[PDB]
Amino acid sequence: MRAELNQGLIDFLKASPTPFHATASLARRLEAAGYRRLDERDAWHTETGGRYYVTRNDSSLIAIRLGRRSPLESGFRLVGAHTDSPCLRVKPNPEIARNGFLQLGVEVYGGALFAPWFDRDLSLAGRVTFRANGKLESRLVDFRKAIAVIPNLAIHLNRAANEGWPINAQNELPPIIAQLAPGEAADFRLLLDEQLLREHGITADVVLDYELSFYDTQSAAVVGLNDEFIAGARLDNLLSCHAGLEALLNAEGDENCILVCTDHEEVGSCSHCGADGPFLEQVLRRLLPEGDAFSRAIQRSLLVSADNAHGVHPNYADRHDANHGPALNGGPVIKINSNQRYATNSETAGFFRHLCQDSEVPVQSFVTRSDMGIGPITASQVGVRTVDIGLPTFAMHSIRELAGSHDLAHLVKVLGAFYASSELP
Amino acid sequence: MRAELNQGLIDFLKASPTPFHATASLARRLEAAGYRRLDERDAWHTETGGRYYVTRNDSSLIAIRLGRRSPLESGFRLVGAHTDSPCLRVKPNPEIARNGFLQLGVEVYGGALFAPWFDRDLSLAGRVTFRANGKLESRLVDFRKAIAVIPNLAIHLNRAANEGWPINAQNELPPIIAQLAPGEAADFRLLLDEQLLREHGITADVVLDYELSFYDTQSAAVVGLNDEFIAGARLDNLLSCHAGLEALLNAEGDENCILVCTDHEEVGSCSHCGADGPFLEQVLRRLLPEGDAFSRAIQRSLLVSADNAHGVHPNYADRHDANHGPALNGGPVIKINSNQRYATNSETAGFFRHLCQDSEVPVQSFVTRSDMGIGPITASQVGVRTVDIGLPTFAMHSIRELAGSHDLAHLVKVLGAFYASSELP
Amino acid sequence: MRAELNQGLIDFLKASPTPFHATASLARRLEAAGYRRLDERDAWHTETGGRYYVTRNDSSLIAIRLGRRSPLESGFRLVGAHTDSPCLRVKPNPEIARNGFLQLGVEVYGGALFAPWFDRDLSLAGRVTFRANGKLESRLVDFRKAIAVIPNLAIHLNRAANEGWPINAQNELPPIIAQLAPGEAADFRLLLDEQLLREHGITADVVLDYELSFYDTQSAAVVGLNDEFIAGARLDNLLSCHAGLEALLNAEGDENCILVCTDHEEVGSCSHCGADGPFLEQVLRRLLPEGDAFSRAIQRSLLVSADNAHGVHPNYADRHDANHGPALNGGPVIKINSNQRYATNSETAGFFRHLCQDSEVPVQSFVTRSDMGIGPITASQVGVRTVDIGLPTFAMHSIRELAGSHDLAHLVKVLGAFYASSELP
Ligand SMILES: [Zn+2]
Ligand SMILES: [Zn+2]
Ligand SMILES: [Zn+2]
Ligand SMILES: [Zn+2]
Ligand SMILES: [Zn+2]
Ligand SMILES: [Zn+2]
């Protein structure tokens, strides 16, 4: 059922307010399915038929199904996605006290659209690092309830509001979380300490640092007269993580299947744990002999880089090429850009397109208007052929994005077919 | 003879309208010379004196001559160039039907100069991926004849034409290829199917995707009162591919010689097969033992990165530094930029400059005016010392560029000397 | 069929790089067909059925075919065209010596589109006036070989090239023709002396002055998927000179036919040499008695003023009126402009429109958009009724223009019908 898949997506989104939580949610499903967690510090002893996963920074995840045939001779079938989404992150000395409020200073992470973050019931989640019994450790928190808001200024006090103004992030985006009594101090670290106790039963000696993201408490939901759509934060790109996961868990065949979901894509993938890092490469090498084996394996592999595409928006149709306007619910989009903003080529495109035909999934094509500006990055790190595809969406980088409610099922089906395909060379 | 070299260049350019064709043309000369093609999927068994080449994506080529002394102890002598040039590529849903014409929608690939593409007799070539007997495959096509034109608008309907306007690529660059009868449909994929039959005797079940570049049907030619010049598309950087090839095929000595010609340079080299990919590195490692051997070899190696330079243009001389204006026919230019836009340093510069002196080839120096903005990329991928050099040219990224007709011979001679040089450390 | 007419057009364009050469090429054809050259200094003795031509400045030509009925009683059937085209012409003290090159200073003749002149393999042709054996004389030269180039500046040194800039003709248009040795003197007049020896076996005492045009060495060619098009320099207006000639030479009937091809149309006419000089009037008067004859004859005459029109361009279709967008290969266009930018009227239009219908040639209508800005000149000299017609083309005043490959035949057919037409309005 599309309906079961879509509900599964809504659940996953709800459990995944930050890249740490997305990674943990992926890990829980994998383990329930029998996948064994490996640690990058240990020597591994994997084998044919094994089901494994590994993480790095608790925010990037690689899932591995080793097939019957070795990667050396049959290659890997890889699906790539990303765990991060543009949002607001709490600063390290964040307490702002003004006009009787307590606010938290925020950085903008990734290319967020600012306006939609206003007038939303926000909570806060992510990683907290602390010392307990002279031991340094980390946990995830999620306050869950709506503790914050970034309100708009009344139109009465900003009469040209609808003219547009340059929203200044330093000044306009700090959320209000509380009011302070006369002479009441404010200690955010103390609030985190309370949350650690409440959520984990832990008392910290001291809260040191954290990576906390504001997020919307409004769950994702089906929308539309005929339930055509799905609305929710983080569709870019938890939509693809979830699809890629369902495809891996249900895939037939006995190929070598990889699900790589990396952090830091919204920011250029350049970290210890991003796609422009050697995470993927160092995991794959561990599944092969030394020498030429990795190079040979990779030239028999294909990466399907799954990241949301732009549907043609009816109130802004002129932002698309008239020949390449994807329809929501018209299936996955093959993304082409010969300037290598996407890595797709005629062979990767052709293979995917054929795969969609054999699976009876509709498929679409996108290029940008020629007067407008992980695929290329991972191709360039490990050298693997890549097709960039995505489900068509609107309002990418909003706090609440829109996709087609038929498209997840289309994508799970074709990814399932990819992962089961014994042929690529 | 300069004359034979220049004719060889004109032939090579004609056979090489796309990076796929350039790669194929290089491969045909190599094979005629006894070089054996290796496939990156196979285990290799190479040996001293062997002559090999390999390709990736059918658009990047590495040619290898293994010397008598091992690369571990004598290093590699590498010449780098690139197979791609700025141009117009057909979009994936390209048919535009308007005012009785059929046009093809185009992306701009690389930093093309738009104006010169107008009012030229264009053909179309590149890779087509298709299914024939339930098998997926690729071929090259080249329509050869002049089937397309991007006409200017009459000056009468654009009286300030000579004032300059911003040429909009989405709207102004689609070429006209035909006129359509009343109610005649247009299927580009069908035209490709016919071309596959005509050119290869193949009937496709279905044409899926393609990477097709428009190109100029006017051959390259000697020009000038005393035949001082050569004019042609793709001098950047088929000029260097060709030179590098002739130098490899004729080189004396018994050093380890590499010719690396990569795709996607005009776009940042960031692909499976570009210089910012691991193609080169993974090939070189296959020629050495495991362990420290590759690192040691590379620190005994030198990359001569050959890509066209800017001659000082007499109608725009103030775009050069007055002290660093290279003359066409004044020999190769050593390109310096301490901000690492070029990787040359005093040692790589000095070695090259000396090499030119011992070969009796004139040599020049270029830096940019200090108020203006593969070498650095490959140095940074494999860690190899690099000198960036180029033959001086005009009108780079036009459809028709200009070089000096004495300079190819100068460059072949010095590259020959580099490839035969037994000393670098 | 008339692949014949098109090949003849290509040959004529190739032999006619300047107005002087176009006039010579017209004359050689007319003589081959039996037409006798008269000289304007002599008294003429012409007669019924006579075939004559005359020139002025060696750059304007009038061909005369006298019918059986006198002009007085049956009028003249005139077709008008022009021998000149916008181009670049050598200055009288042209040598520019800079950064080791020799360039030639140029004037812009007519309303040339500058950009397309760049990055083209140019030769040089025209009239040289010199002294030999103490006497003054003129010959035409054509170097033929591609001796010159006006290169673009690299996009790397002009990074907003595609945004447009105002091309300065004084600075950016001088062609490079050579490189000079240190201390080597440049003498253009000496180069002309050598060309005179080489091409005519003449040695000059002194080369005095010249009128030389740069031109493109790439021949005109058929282009397009189904050979729909013809591309070439000088379609405006050698396309009409050629059509008129063919019609005159093949026309049936008995009428007095005139072909008038004048120089200097692209600059307003207004030389000794036409069309609002008195060349045409002074030749026509000499075919009639004194008195009221000329005036009477001219009121029974019609001038078909043939000069290229603008087809509707699909990448710039808003530059036409939506009701008046001529199609290439749609036949001759009747040009209408109430402000007398064209002299067409309801009677001259209707007659031409009827002629097309009876010849089974398709015919089109053009007016400009009412918000945007030769026939009128010659009607206003002489007083003759005039229909302004033209074949539809693109990119007019480029170095390489485009016409329909069917339209020349269409035009020759109707001009032949015009010339054989015994009555007019
Ligand atoms: Zn994304
Ligand atoms: Zn994103
Ligand atoms: Zn280059
Ligand atoms: Zn380039
Ligand atoms: Zn004209
Ligand atoms: Zn004109």
# chains A, B, ... in the order shown; residues from 1 in each chain; ligands from 1
call {"tool": "interface_residues", "arguments": {"of": "chain A", "to": "chain B", "cutoff": "7 Å", "atoms": "only C-alpha atoms", "output": "VMD selection string"}}
result
chain A and resid 291 to 292 295 to 296 299 to 300 323 to 324 338 to 340 343 346 to 347 349 to 350 365 369 to 371 376 379 to 385
call {"tool": "residues_around", "arguments": {"residues": "residue 163 in chain B", "least_positions_apart": "4", "cutoff": "8 Å", "atoms": "only C-alpha atoms", "output": "list in words"}}
result
residues 164, 165, 166 and 167 of chain C
call {"tool": "write_last_selection", "arguments": {"atoms": "N, CA and C atoms", "output": "mmCIF file, in the first residue's frame"}}
result
data_model
loop_
_atom_site.group_PDB
_atom_site.id
_atom_site.type_symbol
_atom_site.label_atom_id
_atom_site.label_comp_id
_atom_site.auth_asym_id
_atom_site.auth_seq_id
_atom_site.Cartn_x
_atom_site.Cartn_y
_atom_site.Cartn_z
ATOM 1 N N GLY C 164 27.070 41.255 -22.739
ATOM 2 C CA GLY C 164 27.092 42.313 -23.742
ATOM 3 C C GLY C 164 27.984 43.505 -23.343
ATOM 4 N N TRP C 165 28.643 44.094 -24.328
ATOM 5 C CA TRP C 165 29.376 45.333 -24.138
ATOM 6 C C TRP C 165 29.324 46.078 -25.478
ATOM 7 N N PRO C 166 29.548 47.396 -25.474
ATOM 8 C CA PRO C 166 29.486 48.134 -26.774
ATOM 9 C C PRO C 166 30.811 47.993 -27.499
ATOM 10 N N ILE C 167 30.809 47.126 -28.504
ATOM 11 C CA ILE C 167 31.982 46.848 -29.341
ATOM 12 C C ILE C 167 32.479 48.110 -30.017
#
call {"tool": "residues_near_ligand", "arguments": {"ligand": "ligand 1", "cutoff": "8 Å", "atoms": "only C-alpha atoms and all ligand atoms", "output": "PyMOL selection string"}}
result
chain A and resi 81-82+85+236-237+265-266+307-308
call {"tool": "select_by_dssp", "arguments": {"residues": "range 214-398 of chain A", "states": "strand (DSSP E)", "output": "MDAnalysis selection string"}}
result
chainID A and resid 214:216 221:223 229:232 256:262 302:306 309:310 333:335 364:366 386:390 392:394
call {"tool": "select_by_dssp", "arguments": {"residues": "range 107-213 of chain B", "states": "alpha helix (DSSP H)", "output": "VMD selection string"}}
result
chain B and resid 169 to 172 188 to 200
call {"tool": "atom_distance", "arguments": {"atom1": "CA of residue 65 in chain C", "atom2": "CA of residue 51 in chain C"}}
result
4.8 Å
call {"tool": "closest_residue", "arguments": {"among": "A:329, A:18, A:398, A:348", "to": "residue 364 in chain A", "atoms": "only C-alpha atoms"}}
result
A:329
call {"tool": "closest_residue", "arguments": {"among": "B:242, B:154, B:234, B:24", "to": "ligand 6", "atoms": "only C-alpha atoms and all ligand atoms"}}
result
B:154
